[PDB]
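See below for the structure under consideration.
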Amino acid sequence: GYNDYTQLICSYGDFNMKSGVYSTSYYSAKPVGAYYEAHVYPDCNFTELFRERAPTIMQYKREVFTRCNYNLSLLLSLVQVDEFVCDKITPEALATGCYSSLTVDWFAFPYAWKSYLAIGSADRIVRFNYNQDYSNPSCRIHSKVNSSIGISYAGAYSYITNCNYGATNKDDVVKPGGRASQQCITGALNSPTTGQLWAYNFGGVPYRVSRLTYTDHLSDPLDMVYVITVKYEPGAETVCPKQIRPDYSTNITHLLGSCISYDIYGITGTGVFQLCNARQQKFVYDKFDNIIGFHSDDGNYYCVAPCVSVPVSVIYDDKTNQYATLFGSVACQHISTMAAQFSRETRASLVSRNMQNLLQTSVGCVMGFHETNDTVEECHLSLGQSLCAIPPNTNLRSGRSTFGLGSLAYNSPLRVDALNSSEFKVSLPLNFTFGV
Amino acid sequence: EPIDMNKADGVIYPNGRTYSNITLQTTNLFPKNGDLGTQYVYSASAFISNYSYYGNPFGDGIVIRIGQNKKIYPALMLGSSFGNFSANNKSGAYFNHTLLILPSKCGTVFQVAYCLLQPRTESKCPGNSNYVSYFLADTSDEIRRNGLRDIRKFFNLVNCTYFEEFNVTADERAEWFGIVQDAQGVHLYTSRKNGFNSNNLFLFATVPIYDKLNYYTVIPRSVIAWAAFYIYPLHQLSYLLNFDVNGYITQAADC
Amino acid sequence: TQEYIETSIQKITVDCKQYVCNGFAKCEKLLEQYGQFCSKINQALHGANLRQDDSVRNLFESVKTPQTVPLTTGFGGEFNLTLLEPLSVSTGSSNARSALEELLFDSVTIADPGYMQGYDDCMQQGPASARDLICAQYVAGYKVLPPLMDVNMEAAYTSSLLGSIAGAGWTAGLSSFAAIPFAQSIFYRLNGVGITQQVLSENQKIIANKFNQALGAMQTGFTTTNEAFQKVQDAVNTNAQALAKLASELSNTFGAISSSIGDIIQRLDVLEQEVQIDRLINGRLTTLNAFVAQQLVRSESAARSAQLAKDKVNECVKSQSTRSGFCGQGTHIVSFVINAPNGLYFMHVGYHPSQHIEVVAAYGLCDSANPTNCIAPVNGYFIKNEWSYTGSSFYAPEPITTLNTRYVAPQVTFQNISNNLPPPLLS
Amino acid sequence: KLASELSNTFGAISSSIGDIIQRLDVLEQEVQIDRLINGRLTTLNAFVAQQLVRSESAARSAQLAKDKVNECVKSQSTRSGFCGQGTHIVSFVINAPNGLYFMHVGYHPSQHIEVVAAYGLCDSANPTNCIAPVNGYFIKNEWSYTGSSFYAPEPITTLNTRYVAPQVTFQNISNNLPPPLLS
Amino acid sequence: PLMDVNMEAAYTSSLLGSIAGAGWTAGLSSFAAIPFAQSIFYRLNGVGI
Amino acid sequence: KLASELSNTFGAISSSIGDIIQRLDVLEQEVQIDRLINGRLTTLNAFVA
Ligand SMILES: *[C@@H]1O[C@H](CO)[C@@H](O[C@@H]2O[C@H](CO)[C@@H](O)[C@H](O)[C@H]2NC(C)=O)[C@H](O)[C@H]1NC(C)=O
Ligand SMILES: *[C@@H]1O[C@H](CO)[C@@H](O[C@@H]2O[C@H](CO)[C@@H](O)[C@H](O)[C@H]2NC(C)=O)[C@H](O)[C@H]1NC(C)=O
Ligand SMILES: *[C@@H]1O[C@H](CO)[C@@H](O[C@@H]2O[C@H](CO)[C@@H](O)[C@H](O)[C@H]2NC(C)=O)[C@H](O)[C@H]1NC(C)=O
Ligand SMILES: *[C@@H]1O[C@H](CO)[C@@H](O[C@@H]2O[C@H](CO)[C@@H](O)[C@H](O)[C@H]2NC(C)=O)[C@H](O)[C@H]1NC(C)=O
Ligand SMILES: *[C@@H]1O[C@H](CO)[C@@H](O[C@@H]2O[C@H](CO)[C@@H](O)[C@H](O)[C@H]2NC(C)=O)[C@H](O)[C@H]1NC(C)=O
Ligand SMILES: *[C@@H]1O[C@H](CO)[C@@H](O[C@@H]2O[C@H](CO)[C@@H](O)[C@H](O)[C@H]2NC(C)=O)[C@H](O)[C@H]1NC(C)=O
Ligand SMILES: CCCCC/C=C\C/C=C\CCCCCCCC(=O)O
Ligand SMILES: *[C@@H]1O[C@H](CO)[C@@H](O)[C@H](O)[C@H]1NC(C)=O
Ligand SMILES: *[C@@H]1O[C@H](CO)[C@@H](O)[C@H](O)[C@H]1NC(C)=O
Ligand SMILES: *[C@@H]1O[C@H](CO)[C@@H](O)[C@H](O)[C@H]1NC(C)=O
Ligand SMILES: *[C@@H]1O[C@H](CO)[C@@H](O)[C@H](O)[C@H]1NC(C)=O
Ligand SMILES: *[C@@H]1O[C@H](CO)[C@@H](O)[C@H](O)[C@H]1NC(C)=O
Ligand SMILES: *[C@@H]1O[C@H](CO)[C@@H](O)[C@H](O)[C@H]1NC(C)=O
Ligand SMILES: *[C@@H]1O[C@H](CO)[C@@H](O)[C@H](O)[C@H]1NC(C)=O
Ligand SMILES: *[C@@H]1O[C@H](CO)[C@@H](O)[C@H](O)[C@H]1NC(C)=O
Ligand SMILES: *[C@@H]1O[C@H](CO)[C@@H](O)[C@H](O)[C@H]1NC(C)=O
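This is how it looks when you write it as structure tokens:
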């Protein structure tokens, strides 16, 4: 990241290399600023979760949150977490980032029965009462809620132990992300507490249901289970935290042209933003799913590139140790805006600009060259399109020297004119030589 | 009026990103090609069919082709349990919470409600043994909820959790509508985005229904053929989708 | 006969560190668990591109043509070669690409990247479906290198080869160069394969017309019914397919929770993101290694085809080839070569007999009074109805002279004639 | 590319099995050892594929060397550009590491001149008696024969001409006749 | 590599010993012990000098 | 090669998708099935090359 020569040396993994034109990776591009743009929505309302009667696991309560801004720092102070089991997320990841939906399923459940909700369990509680989805990033937490928060437990807290129907006694299991059917609920709500399999007939089909209660396993620090499932759908993000990220700036006009880390609508990445002229959507994608632009809140369209995007080639000769840069397929009037992304000496050359450096060729903008008319037959420093680089005759210890540009003349063979008559012309050798 | 994949009939647009000029292979809820659906006709000469006796299975979801290939909107009743009414043996009773989609006014205002349907003990009402059927019968803003007025003469609607209203502008062209239930609730899809040919279903509402819907009935209507809408089921099918320049699905392949 | 030979592979350099990791330090630290991968990929791609340019330089060294006749509007005389001649010597611009080269390039969908201001264009225009492969160079992290020689220089080499076709191969050795006209070279080539000078002088306008129709039938020859045109198109499509395989692989999660490092870092703790980034890194390394292996195989194929094109040029364009089937069907007369996308396009004209007749011929003729004096024909037969001479490539019964016979040893199979002796057999 | 990727961990905690075994429990070391096995298996498969493609290229080059030995070092080539530029005179082959080294000696002109030549000469008294050069040209001074690879005019004799059918392009000569054309 | 440099050099030397012959006249069955200078002069004569 | 590399477990508990689905829970099914998928993709890619 000091020179283009040092970036050429760090790639290819050696110091003593031969002459040639090499493709060079970047080593001095770091994110400087930070940008954050997200929509503001009215706050999510979590009163039903913590300030009402605790739901029963047989008929648990589900609430789906959409187009609201939450605050996890307040929610975690009202509970004492005993154990959290997250699938493809973390609570630190739940405190950040935008979702399309936020589903919370909560019910009252004793803390001694964690094994009955673990994945792979074969008990009646998973089979007939609550089956977790496990197809979206979800985290199930076990918490104790104080009675001073507003939670309460009353009535009977029961769970279905068996629910089968029909003449073949087919078990009415619970699909993942589902609840017990209304037939099982109606059979349970008349079923005895002790756990006797009574028989009923709902809608012409025999049904049998048994239940058991756990209302005597609940105390004043009421044990509660909160299952939080999020969904990710880019271009449809609605639930984001009230807290804006701390470093970030909310104005992009002073960060244009520099590699910044952006958190625009729950997605994180690094890139360079530049204003460009070219709306059924906010983000703009290419054919290969790479965001190439976005529409801002004001009237402006910033097309975003990756942090490194300009192809850089280094022309180097092992004798005299000189080097030069080739910015491939890019105009010379655009390099001075993207400078911060190059090496330190190249950045120091483009800032405080001297236009002697930048020459525009048919293969891109070159640096460290001078225009010449001399042509060479051998081409060891080919730039393509019949251009060869003529290395200087001064070594690097005496100071940097410029390369020569434009070479590869035609052989121009000897011309014999046709008489176009009865006779013709022949080109015969007077002298000869032997070549091997 | 069968499903045609080359016209992309009944395909649901993927939620979120707008795809453009690429082909996409998805396996998601889609109408099966060649399905004729079930034709429902509202008379206009009051005069109804027995559409309230069926209790068709909901399955994964349904899609509806409304109007041309008079444009009278459908009325729907979705629920979890289906059975007979008491003391008359007549089918059509929906137990527990029941989703109602009622096209009030002339099809310009919609009522969506999710609540119990308690029969009334009056003559020609359910539970009276004079029962035949329930139906919806068709300036200042009091008939904006007249479909609700017709449906509350037969049922009490006593404990109601969700209620919303939607404004749609009057038109006569083709239109689609779809209902899909997942773990986030009941998703209502429509093709009212009206961009270019359209005929693609986009999400526009979500009802917080967490009980599994197992049945749907078509509420009979009478205005005093003149009405034809076809209800096609949805299946978990592999499809191949073609997006055009504007970003709409033009071709489909049933795979 | 039209034949396409693909003498090259696209030169592609890939920024390995940017491709595998999107600038994240954690990914670049986890990449060190797979060794110096990026250095090896960079060295392999550099070696492949350097060998490709060396092959191109050697192939065009075999088109040296040390002497040439300058091209003029009148070339071939009655024979029409304005299709093959440079556009500079024809009407208009000083470019050397012939009308056939322009017609061949204009009828093949190339989607030129633009080596001067490709970045800037890709920035100004929005998303598309025809230039998105070109615009993926600056997003995915690769680059398509320009060819070693400009199209003007390749057209200059082809034009200099065209001007040297008639004179080369006139006599023994390659040292001299005659400046004979194209029509005389064609007539001598037709005479060498067994057509009498009497037939050539009598039927010269018919021969010129047949050659003109054969060369002018290629105006509509660049259609979907032409096999070599489809070879050009599918070579271009194969290069585009390899490029599209380089992209569209960063969109693959490879079993991770997302296709991007930033989401994995944000959504997971510090221990699980190591294995997720390892999954993504393994996917990217598999893609890069597959691309490099494919590049090596295509380089081997391009080297083989470059050797084949060198013989085709040295054997058929620069001289008449008497070996069967090497350059087209029938009897080879003259072959032309132009520049095709990533290769060379060859056109071999051939002598095809439209009609055949059957006639009794003899091995040779002896004398009854002098059985040790026998003759055999050169480049022809001794056809009956006594015996006359034919050309062995065109039916024209002509009197036997010493200009078409040779004195050979007597054989049992030779026929004996007593009256109406040929002038070779007299005395 | 075989001894270098034995030092890679391939995502495991170590590049060796001996310390993976002794640092982890029996269930947790199976995945680490399997990661090392997968990495070394991909390395070996890549090496075998590279060996196959290199053997294909070596077979192609062996066929080329077989054809080139039988044509140029064992005989006069008389083929343009196949065995060096210019006209091929003599070639030699010596052994090189993993192949053969060829040296093709060729005849190269250094200075050229342009003279006026004829397709052949005929006699005006006998139009049916016409000659042509065999390995050279009829260059004009009246007319002389020369070689096709060296400029040295010589008198026209019967050992460098051959009788041909008359044509229109043949120059008429009636003042001085070459010995083939004289009667 | 299956062969010692001695053997390979023996093959190359034997090939060098038969440069002047083995192609003096049509057919490959005969061999002429022609001096190298005479073979070179005959090859130059066949080239067109 | 194609016939025989379908019997390999590739580090999974089984060489069959059905046994992995039956024996393990849904979180581990996607982990172990991806081990079979990756091996079969490797086999097909090697065959095509
Ligand atoms: C959050 O939800 C609770 C209950 O769901 C809301 O509390 C209700 O508020 C209305 C009017 O504010 C009262 O009429 C009800 O009696 C309240 N019910 C209960 C159970 O408290 C609360 O208002 C909501 N928060 C916000 C900000 O809207
Ligand atoms: C998110 O919730 C936390 C906790 O309720 C808020 O932190 C409180 O902020 C107020 C305002 O100064 C203080 O008076 C409290 O003492 C804070 N409580 C704690 C526990 O720190 C925080 O402000 C909320 N975030 C937002 C954006 O409102
Ligand atoms: C679902 O609906 C059924 C039928 O409407 C309800 O069952 C009724 O429950 C009440 C309360 O005990 C009884 O008086 C009725 O006799 C029952 N009817 C039948 C047909 O059994 C059931 O309670 C509902 N489920 C709920 C509300 O969760
Ligand atoms: C309509 O909702 C009310 C409110 O929940 C229900 O009244 C409850 O009924 C249950 C069962 O009889 C009692 O245990 C509760 O104490 C009642 N609560 C109140 C506030 O009265 C009523 O049953 C519902 N009606 C129907 C038909 O389901
Ligand atoms: C043409 O005449 C020659 C004789 O000059 C015939 O050749 C002879 O055939 C006899 C057959 O018994 C042999 O014994 C002689 O040795 C042959 N002589 C020569 C010189 O070949 C020849 O067969 C005759 N041609 C035909 C077609 O009959
Ligand atoms: C050499 O003489 C011959 C015989 O006169 C010429 O051949 C004739 O040329 C004229 C015109 O050039 C033609 O009209 C005749 O048809 C030719 N006769 C034959 C039999 O071909 C020949 O052209 C003369 N050479 C030159 C260079 O003029
Ligand atoms: C497998 C039956 C044969 C072996 C029987 C021997 C001992 C059985 C005792 C308890 C069986 C429990 C097995 C699963 C334990 C977790 C149950 C759950 O919470 O999911
Ligand atoms: C619940 O709140 C009361 C009221 O201050 C407090 O005394 C008690 O300690 C709290 N419970 C717990 C577990 O902290
Ligand atoms: C961002 O900064 C620019 C700098 O001139 C200013 O004009 C603009 O109003 C700012 N936008 C804000 C603060 O939203
Ligand atoms: C937008 O287009 C105008 C031409 O009308 C041009 O002057 C301007 O520079 C363009 N803006 C950008 C960001 O390229
Ligand atoms: C190179 O050639 C151009 C062509 O006109 C000329 O203008 C220029 O001065 C030349 N440069 C040098 C250094 O001679
Ligand atoms: C509805 O009416 C049709 C018409 O006769 C009849 O076939 C069908 O059985 C009826 N369905 C009922 C009564 O459920
Ligand atoms: C409704 O009643 C009919 C006959 O009266 C019976 O066949 C049918 O099963 C009943 N339906 C239900 C759901 O009980
Ligand atoms: C409805 O069916 C039940 C079941 O048989 C019967 O008891 C009842 O009388 C029927 N109602 C009428 C009105 O017939
Ligand atoms: C529907 O239209 C009525 C009448 O203009 C209006 O009062 C109501 O707010 C509208 N509803 C929505 C959701 O826009
Ligand atoms: C969309 O794809 C078609 C396919 O030919 C193409 O013609 C058209 O230009 C593309 N449009 C865009 C905006 O990429």
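Residue numbers (our numbering), protein chains in the order written: chain A, 1 to 436; chain B, 1001 to 1255; chain C, 2001 to 2427; chain D, 3001 to 3183; chain E, 4001 to 4049; chain F, 5001 to 5049.
C-beta: ideal position from N, C-alpha, C; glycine also.
* Asked: If you draw a straight line from the alpha carbon of B:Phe1155 to that of B:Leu1148, how long is it in whole angstroms?
  -> 10 Å
* Asked: Sorry if obvious, but does the Cβ on A:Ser121 come closer than 7 Å to a heavy atom of ligand 16?
  -> no
* To do: Determine the chain A residues that contact residue 1269 of chain B at a beta-carbon separation under 8 Å, and present them in chain order.
  => Here chain B covers residues 1001 to 1255 and nothing more, so residue 1269 of chain B does not appear.
* Roughly how many angstroms separate the alpha carbons of C:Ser2055 and D:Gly3099, rounded to a whole number? -> 19 Å
* Asked: Less than 8 Å separating the beta-carbons of residue 973 of chain B and B:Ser1020?
  -> Summary: the structure shown does not reach residue 973 of chain B, with chain B confined to residues 1001 through 1255, and so no result is reported for it.
* Could you work out which residues of chain A lie near F:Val5026, taking near to mean beta carbons separated by less than 7 Å? => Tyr134
* Asked: Ordered along the chain, which non-local residues of its own chain (more than five positions away) have a Cβ less than 7 Å from that of C:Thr2082?
  -> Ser2090
* To do: Mind checking the stretch 2143 to 2172 of chain C against chain E and listing, in chain order, the residues whose C-beta falls within less than 9 Å of any C-beta there?
  => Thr2171 and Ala2172
* **Between the CA atoms of D:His3104 and C:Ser2260 - distance to the nearest angstrom** => 58 Å
* My understanding is that B:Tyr1040 touches B:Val1218, with C-beta atoms under 8 Å, so please give their C-beta distance in whole angstroms. => 5 Å
* Run the proximity test for C:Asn2237: is its beta-carbon closer than 7 Å to any non-hydrogen atom belonging to ligand 16? => no
* To do: Kindly indicate if chain D contains any beta-carbon less than 8 Å away from that of A:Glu423.
  => yes
* Go ahead and pull the three-state DSSP assignment for D:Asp3123. => strand
* To do: Measuring alpha carbon to alpha carbon, tell me which of A:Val40, A:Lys30, A:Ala29 and A:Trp106 ends up nearest A:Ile244.
  => A:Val40
* A:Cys332: first and last residue of the uninterrupted alpha helix (DSSP H) it sits in -> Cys332 to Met338
* Mind listing, in chain order, the continuous beta strand (DSSP E) runs of no fewer than 3 residues lying wholly within the stretch 203 to 271 of chain A? => 205 to 213, 222 to 231 and 259 to 262
* Asked: Taking C-alpha atoms, which residue in A:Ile57, A:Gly20, A:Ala93 and A:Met58 lies nearest to C:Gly2262?
  -> A:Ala93
* **Length at least 3, wholly inside the stretch 18 to 64 of chain A: the beta strand (DSSP E) runs in chain order** => 20 to 24
* Compile a chain-ordered list of the residues in the stretch 3043 to 3075 of chain D whose CB is closer than 9 Å to at least one CB of chain F. => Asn3045 and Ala3049
* Are the stretch 75 to 94 of chain A and the stretch 131 to 141 of chain A in contact at 8 Å, needing three or more beta carbon pairs? -> yes
* Cβ-heavy atom distance, D:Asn3160 to ligand 5, below 7 Å -> no
* Between the CA atoms of A:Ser28 and A:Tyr2 - distance to the nearest angstrom -> 8 Å
* **Same chain, Cβ closer than 6 Å to B:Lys1090, five either side skipped, listed in chain order** => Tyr1131
* **Beta bridge counterpart(s) of C:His2356 as assigned by DSSP** => According to DSSP, C:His2356 bridges with nothing at all.
* To do: Might you give, ordered along the chain, the residues of its own chain that have their beta carbon closer than 8 Å to the beta carbon of C:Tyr2395, omitting 5 neighbours on each side?
  => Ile2357 and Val2359
* To do: Could you check what DSSP says for C:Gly2350 in three-state terms: helix, strand or coil?
  => strand
* To do: Please determine, among C:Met2218, C:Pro2146 and C:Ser2321, the residue with the shortest C-alpha to C-alpha distance to C:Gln2052.
  => C:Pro2146
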